[PDB]
Amino acid sequence: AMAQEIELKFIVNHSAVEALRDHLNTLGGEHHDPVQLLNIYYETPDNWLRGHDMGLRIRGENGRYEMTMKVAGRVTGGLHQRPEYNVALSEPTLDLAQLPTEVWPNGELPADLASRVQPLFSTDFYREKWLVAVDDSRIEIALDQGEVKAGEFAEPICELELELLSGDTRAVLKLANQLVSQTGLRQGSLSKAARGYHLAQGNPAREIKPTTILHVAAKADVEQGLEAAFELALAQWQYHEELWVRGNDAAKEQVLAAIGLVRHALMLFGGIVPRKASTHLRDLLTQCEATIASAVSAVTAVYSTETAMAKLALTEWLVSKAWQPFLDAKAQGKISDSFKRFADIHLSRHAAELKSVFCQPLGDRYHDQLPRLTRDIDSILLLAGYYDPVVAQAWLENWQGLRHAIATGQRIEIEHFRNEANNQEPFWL
Ligand SMILES: [Mn+2]
Ligand SMILES: [Mn+2]
């Protein structure tokens, strides 16, 4: 009853726009000159639509109007997969009765919604378009430039979208592979609406989000756990890259931590998914990490080909389920078994590593064990989700305290947390 939009969003570094437009014009597509799109998004005084990850707008294109509702979907790197429903309008006034009932979480429009919605923010941008064919798929490329604005608070729009009109998502990823060979693009996880909503709250600074325990569904198989783990790592990378490029220098550490989590997830599932399933991905991650470490500028590091290629490789690996053809019968059997049972086994494996390494004081050699400690914490974050979160986070807190204290050189706190970590018991079966 609902249509499905699939598009890959890249934020474009402002200085790269001309070179990008030039490059797009070599692809041999059907091109359309820029058109002004004027949008007003609507919201209640109590943030009802944002609460359900839904966006309601009226779009104007030279006096022609369209109402669009998008609802909660999936965002994986730059790839937005959202159910949507579009309705042609005769003038810029909402007609909420024309939307299907499936739009609503309830199955009925709230009685006072039309009465309580107000214009919350606008987007005003010029969109230039190229239609291209890739294999048996058709893709609309859009280059958008303008503003998103909520009263006094505005920010620039400068972005590129590859929307799948029909065919396979693999085609969108194939097209993306050509474009990230030049600098100036980064995958964007924030919709224009998400940014508008944030501006409308007074554009508060975004805070670093420490990774917490992954909670996977009760009866999930190991493959579902794997997917959730990589989704989490990619989401943490996206989130902190966005904060870093917007000026939060402390977010750099968290970008590197998220890339580390990707590596640790590959190790964790390495008894099932062979190492050769991720050779190229891991090579790209290495070059990205080196670029980030030596960068003088977040902008340069984030818009680099090293970062862009690594991120696209991860997005493609995850969305295409690239591990699947590498699995022999034994691996297929193991990946289809219980994630809960898998996690209990691996919790013990990582606990044994933590116990053997940190049972004794290490003097001046703690920093040498950071990679091991970080791997084990990351692995336990991915595995501990079927237990009481208060108990499991409390157990992890001591190891996390140790890791922090080692990283910052706090001698007293190192020994404190090492003792706390060694005195606590396991929480798992
Ligand atoms: Mn879009
Ligand atoms: Mn679109």
# chains A, B, ... in the order shown; residues from 1 in each chain; ligands from 1
call {"tool": "residues_near_ligand", "arguments": {"ligand": "ligand 1", "cutoff": "9 Å", "atoms": "only C-alpha atoms and all ligand atoms", "output": "PDB file with N, CA, C and O atoms, in the first residue's frame"}}
result
ATOM      1  N   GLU A   5      11.049   4.212  -1.546  1.00  0.00           N
ATOM      2  CA  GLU A   5      12.135   4.995  -2.126  1.00  0.00           C
ATOM      3  C   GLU A   5      13.465   4.403  -1.674  1.00  0.00           C
ATOM      4  O   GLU A   5      13.636   4.110  -0.495  1.00  0.00           O
ATOM      5  N   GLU A   7      17.448   5.499  -2.149  1.00  0.00           N
ATOM      6  CA  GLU A   7      18.433   6.434  -2.666  1.00  0.00           C
ATOM      7  C   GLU A   7      19.670   6.518  -1.797  1.00  0.00           C
ATOM      8  O   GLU A   7      19.598   6.384  -0.564  1.00  0.00           O
ATOM      9  N   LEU A   8      20.801   6.731  -2.465  1.00  0.00           N
ATOM     10  CA  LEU A   8      22.088   6.906  -1.812  1.00  0.00           C
ATOM     11  C   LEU A   8      22.426   8.391  -1.785  1.00  0.00           C
ATOM     12  O   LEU A   8      22.494   9.025  -2.841  1.00  0.00           O
ATOM     13  N   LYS A   9      22.633   8.940  -0.586  1.00  0.00           N
ATOM     14  CA  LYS A   9      22.912  10.366  -0.398  1.00  0.00           C
ATOM     15  C   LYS A   9      24.381  10.585  -0.087  1.00  0.00           C
ATOM     16  O   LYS A   9      24.917   9.946   0.815  1.00  0.00           O
ATOM     17  N   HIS A  80      19.310   5.416   2.007  1.00  0.00           N
ATOM     18  CA  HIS A  80      18.012   5.629   2.644  1.00  0.00           C
ATOM     19  C   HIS A  80      16.976   4.786   1.915  1.00  0.00           C
ATOM     20  O   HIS A  80      16.812   4.921   0.702  1.00  0.00           O
ATOM     21  N   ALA A 142      20.588  13.455  -8.632  1.00  0.00           N
ATOM     22  CA  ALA A 142      20.175  14.818  -8.299  1.00  0.00           C
ATOM     23  C   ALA A 142      21.302  15.527  -7.564  1.00  0.00           C
ATOM     24  O   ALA A 142      21.840  14.980  -6.607  1.00  0.00           O
ATOM     25  N   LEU A 160      24.340  15.257  -3.166  1.00  0.00           N
ATOM     26  CA  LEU A 160      24.163  14.460  -4.366  1.00  0.00           C
ATOM     27  C   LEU A 160      23.372  13.224  -3.985  1.00  0.00           C
ATOM     28  O   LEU A 160      23.717  12.542  -3.017  1.00  0.00           O
ATOM     29  N   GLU A 161      22.318  12.926  -4.740  1.00  0.00           N
ATOM     30  CA  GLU A 161      21.501  11.743  -4.484  1.00  0.00           C
ATOM     31  C   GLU A 161      21.463  10.857  -5.716  1.00  0.00           C
ATOM     32  O   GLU A 161      21.295  11.353  -6.827  1.00  0.00           O
ATOM     33  N   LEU A 162      21.641   9.554  -5.513  1.00  0.00           N
ATOM     34  CA  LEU A 162      21.476   8.556  -6.561  1.00  0.00           C
ATOM     35  C   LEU A 162      20.221   7.762  -6.200  1.00  0.00           C
ATOM     36  O   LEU A 162      20.266   6.919  -5.312  1.00  0.00           O
ATOM     37  N   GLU A 163      19.097   8.062  -6.846  1.00  0.00           N
ATOM     38  CA  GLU A 163      17.838   7.369  -6.538  1.00  0.00           C
ATOM     39  C   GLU A 163      17.581   6.268  -7.554  1.00  0.00           C
ATOM     40  O   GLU A 163      17.648   6.501  -8.762  1.00  0.00           O
ATOM     41  N   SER A 191      18.703  12.886   6.648  1.00  0.00           N
ATOM     42  CA  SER A 191      17.781  13.426   5.657  1.00  0.00           C
ATOM     43  C   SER A 191      17.695  14.939   5.811  1.00  0.00           C
ATOM     44  O   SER A 191      18.064  15.497   6.852  1.00  0.00           O
ATOM     45  N   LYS A 192      17.206  15.610   4.775  1.00  0.00           N
ATOM     46  CA  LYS A 192      16.964  17.045   4.871  1.00  0.00           C
ATOM     47  C   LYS A 192      15.989  17.341   6.019  1.00  0.00           C
ATOM     48  O   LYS A 192      16.188  18.302   6.761  1.00  0.00           O
TER      49      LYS A 192
END
call {"tool": "residues_around", "arguments": {"residues": "residue A:2", "least_positions_apart": "5", "cutoff": "9 Å", "atoms": "only C-alpha atoms", "output": "NGL selection string"}}
result
:A and (83-85 or 100 or 102-103)
call {"tool": "write_last_selection", "arguments": {"atoms": "C-alpha atoms", "output": "tab-separated table (two decimals), in the first residue's frame"}}
result
chain	number	residue	atom	x	y	z
A	83	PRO	CA	8.32	3.95	2.49
A	84	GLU	CA	6.70	7.02	0.90
A	85	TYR	CA	3.42	8.19	-0.55
A	100	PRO	CA	-3.38	5.50	3.14
A	102	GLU	CA	-0.93	2.34	6.71
A	103	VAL	CA	0.92	5.69	6.85
call {"tool": "closest_residue", "arguments": {"among": "A:140, A:246, A:26, A:135", "to": "ligand 2", "atoms": "only C-alpha atoms and all ligand atoms"}}
result
A:140
call {"tool": "atom_distance", "arguments": {"atom1": "atom CA of residue A:25", "atom2": "atom CA of residue A:12"}}
result
16.4 Å
call {"tool": "closest_residue", "arguments": {"among": "A:88, A:99, A:354, A:164", "to": "ligand 2", "atoms": "only C-alpha atoms and all ligand atoms"}}
result
A:164
call {"tool": "residues_around", "arguments": {"residues": "residue A:105", "least_positions_apart": "6", "cutoff": "12 Å", "atoms": "only C-alpha atoms", "output": "list in words"}}
result
residues 48, 49, 51, 52, 53, 54, 71 and 72 of chain A
call {"tool": "closest_residue", "arguments": {"among": "A:14, A:111, A:89, A:139", "to": "ligand 2", "atoms": "only C-alpha atoms and all ligand atoms"}}
result
A:139
call {"tool": "atom_distance", "arguments": {"atom1": "atom CA of residue A:350", "atom2": "atom CA of residue A:374"}}
result
10.9 Å
call {"tool": "atom_distance", "arguments": {"atom1": "atom CA of residue A:295", "atom2": "atom CA of residue A:307"}}
result
11.5 Å
call {"tool": "select_by_dssp", "arguments": {"residues": "stretch 63-213 of chain A", "states": "strand (DSSP E)", "output": "PDB file with C-alpha atoms, in the first residue's frame"}}
result
ATOM      1  CA  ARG A  64       2.820  22.827  -9.116  1.00  0.00           C
ATOM      2  CA  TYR A  65       2.260  21.233  -5.682  1.00  0.00           C
ATOM      3  CA  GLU A  66       2.771  17.760  -4.178  1.00  0.00           C
ATOM      4  CA  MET A  67       2.191  16.451  -0.634  1.00  0.00           C
ATOM      5  CA  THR A  68       4.664  13.773   0.465  1.00  0.00           C
ATOM      6  CA  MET A  69       4.715  11.628   3.589  1.00  0.00           C
ATOM      7  CA  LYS A  70       7.780   9.517   4.248  1.00  0.00           C
ATOM      8  CA  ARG A  74      16.289   1.930   7.095  1.00  0.00           C
ATOM      9  CA  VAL A  75      19.380   4.133   6.807  1.00  0.00           C
ATOM     10  CA  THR A  76      22.608   2.243   6.096  1.00  0.00           C
ATOM     11  CA  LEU A  79      21.525   4.489   1.691  1.00  0.00           C
ATOM     12  CA  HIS A  80      18.012   5.629   2.644  1.00  0.00           C
ATOM     13  CA  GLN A  81      15.220   3.072   2.147  1.00  0.00           C
ATOM     14  CA  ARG A  82      11.943   4.708   3.199  1.00  0.00           C
ATOM     15  CA  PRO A  83       8.319   3.951   2.487  1.00  0.00           C
ATOM     16  CA  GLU A  84       6.700   7.015   0.905  1.00  0.00           C
ATOM     17  CA  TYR A  85       3.418   8.186  -0.547  1.00  0.00           C
ATOM     18  CA  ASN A  86       3.044  11.190  -2.851  1.00  0.00           C
ATOM     19  CA  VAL A  87      -0.217  13.056  -3.623  1.00  0.00           C
ATOM     20  CA  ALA A  88      -0.726  15.730  -6.299  1.00  0.00           C
ATOM     21  CA  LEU A  89      -2.308  18.945  -4.911  1.00  0.00           C
ATOM     22  CA  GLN A 118       2.297  24.168  11.934  1.00  0.00           C
ATOM     23  CA  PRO A 119       5.013  24.926   9.374  1.00  0.00           C
ATOM     24  CA  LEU A 120       8.204  23.981  11.306  1.00  0.00           C
ATOM     25  CA  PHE A 121      10.943  24.369   8.693  1.00  0.00           C
ATOM     26  CA  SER A 122      11.556  24.819   5.000  1.00  0.00           C
ATOM     27  CA  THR A 123      13.972  23.550   2.403  1.00  0.00           C
ATOM     28  CA  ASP A 124      14.714  25.830  -0.573  1.00  0.00           C
ATOM     29  CA  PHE A 125      17.170  24.426  -3.088  1.00  0.00           C
ATOM     30  CA  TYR A 126      18.004  24.150  -6.754  1.00  0.00           C
ATOM     31  CA  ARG A 127      18.036  20.561  -8.069  1.00  0.00           C
ATOM     32  CA  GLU A 128      19.950  19.597 -11.218  1.00  0.00           C
ATOM     33  CA  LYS A 129      19.201  16.118 -12.624  1.00  0.00           C
ATOM     34  CA  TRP A 130      20.826  13.389 -14.735  1.00  0.00           C
ATOM     35  CA  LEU A 131      19.034  10.167 -15.759  1.00  0.00           C
ATOM     36  CA  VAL A 132      21.436   7.232 -16.291  1.00  0.00           C
ATOM     37  CA  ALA A 133      21.094   3.540 -17.132  1.00  0.00           C
ATOM     38  CA  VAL A 134      23.213   1.047 -15.154  1.00  0.00           C
ATOM     39  CA  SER A 137      18.365  -0.349 -13.638  1.00  0.00           C
ATOM     40  CA  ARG A 138      17.404   3.296 -14.086  1.00  0.00           C
ATOM     41  CA  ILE A 139      18.870   5.870 -11.685  1.00  0.00           C
ATOM     42  CA  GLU A 140      18.083   9.563 -11.190  1.00  0.00           C
ATOM     43  CA  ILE A 141      21.130  11.579 -10.093  1.00  0.00           C
ATOM     44  CA  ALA A 142      20.175  14.818  -8.299  1.00  0.00           C
ATOM     45  CA  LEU A 143      22.582  17.608  -7.314  1.00  0.00           C
ATOM     46  CA  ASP A 144      20.937  19.839  -4.683  1.00  0.00           C
ATOM     47  CA  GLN A 145      22.154  23.262  -3.521  1.00  0.00           C
ATOM     48  CA  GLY A 146      20.385  25.700  -1.209  1.00  0.00           C
ATOM     49  CA  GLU A 147      19.278  25.880   2.426  1.00  0.00           C
ATOM     50  CA  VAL A 148      17.317  24.145   5.126  1.00  0.00           C
ATOM     51  CA  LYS A 149      15.805  26.768   7.454  1.00  0.00           C
ATOM     52  CA  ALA A 150      13.833  26.755  10.720  1.00  0.00           C
ATOM     53  CA  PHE A 153      18.402  28.829  12.231  1.00  0.00           C
ATOM     54  CA  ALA A 154      19.594  27.693   8.806  1.00  0.00           C
ATOM     55  CA  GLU A 155      22.309  25.564   7.274  1.00  0.00           C
ATOM     56  CA  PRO A 156      23.520  24.919   3.721  1.00  0.00           C
ATOM     57  CA  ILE A 157      22.351  22.114   1.469  1.00  0.00           C
ATOM     58  CA  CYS A 158      25.007  20.801  -0.891  1.00  0.00           C
ATOM     59  CA  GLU A 159      24.394  17.160  -1.732  1.00  0.00           C
ATOM     60  CA  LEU A 160      24.163  14.460  -4.366  1.00  0.00           C
ATOM     61  CA  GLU A 161      21.501  11.743  -4.484  1.00  0.00           C
ATOM     62  CA  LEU A 162      21.476   8.556  -6.561  1.00  0.00           C
ATOM     63  CA  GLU A 163      17.838   7.369  -6.538  1.00  0.00           C
ATOM     64  CA  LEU A 164      16.869   3.952  -7.883  1.00  0.00           C
ATOM     65  CA  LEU A 165      13.856   4.496 -10.186  1.00  0.00           C
ATOM     66  CA  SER A 166      13.717   0.777 -10.952  1.00  0.00           C
ATOM     67  CA  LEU A 185      31.848  13.225  -1.472  1.00  0.00           C
ATOM     68  CA  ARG A 186      30.850  11.656   1.851  1.00  0.00           C
ATOM     69  CA  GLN A 187      27.893   9.348   2.551  1.00  0.00           C
TER      70      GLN A 187
END
call {"tool": "closest_residue", "arguments": {"among": "A:34, A:361, A:270, A:45", "to": "residue A:116", "atoms": "only C-alpha atoms"}}
result
A:45
call {"tool": "residues_around", "arguments": {"residues": "residue A:256", "least_positions_apart": "2", "cutoff": "8 Å", "atoms": "only C-alpha atoms", "output": "NGL selection string"}}
result
:A and (237 or 252-254 or 258-260 or 289 or 292)
call {"tool": "write_last_selection", "arguments": {"atoms": "C-alpha atoms", "output": "compact mmCIF listing (two decimals), in the first residue's frame"}}
result
# COMPACT_ATOMS: atom_id res chain seq x y z
CA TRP A 237 31.08 5.71 11.97
CA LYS A 252 37.75 11.91 15.52
CA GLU A 253 38.64 9.33 18.19
CA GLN A 254 35.12 7.89 17.86
CA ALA A 258 33.87 2.75 14.93
CA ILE A 259 36.30 1.55 12.22
CA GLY A 260 37.90 -0.57 14.97
CA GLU A 289 42.74 4.93 9.18
CA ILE A 292 42.52 10.05 9.39
call {"tool": "residues_around", "arguments": {"residues": "stretch 383-389 of chain A", "least_positions_apart": "2", "cutoff": "8 Å", "atoms": "only C-alpha atoms", "output": "list in words"}}
result
residues 213, 214, 215, 216, 218, 340, 343, 344, 346, 347, 379, 380, 381, 391, 392, 393, 427 and 428 of chain A
call {"tool": "closest_residue", "arguments": {"among": "A:364, A:358, A:176, A:56", "to": "residue A:419", "atoms": "only C-alpha atoms"}}
result
A:358
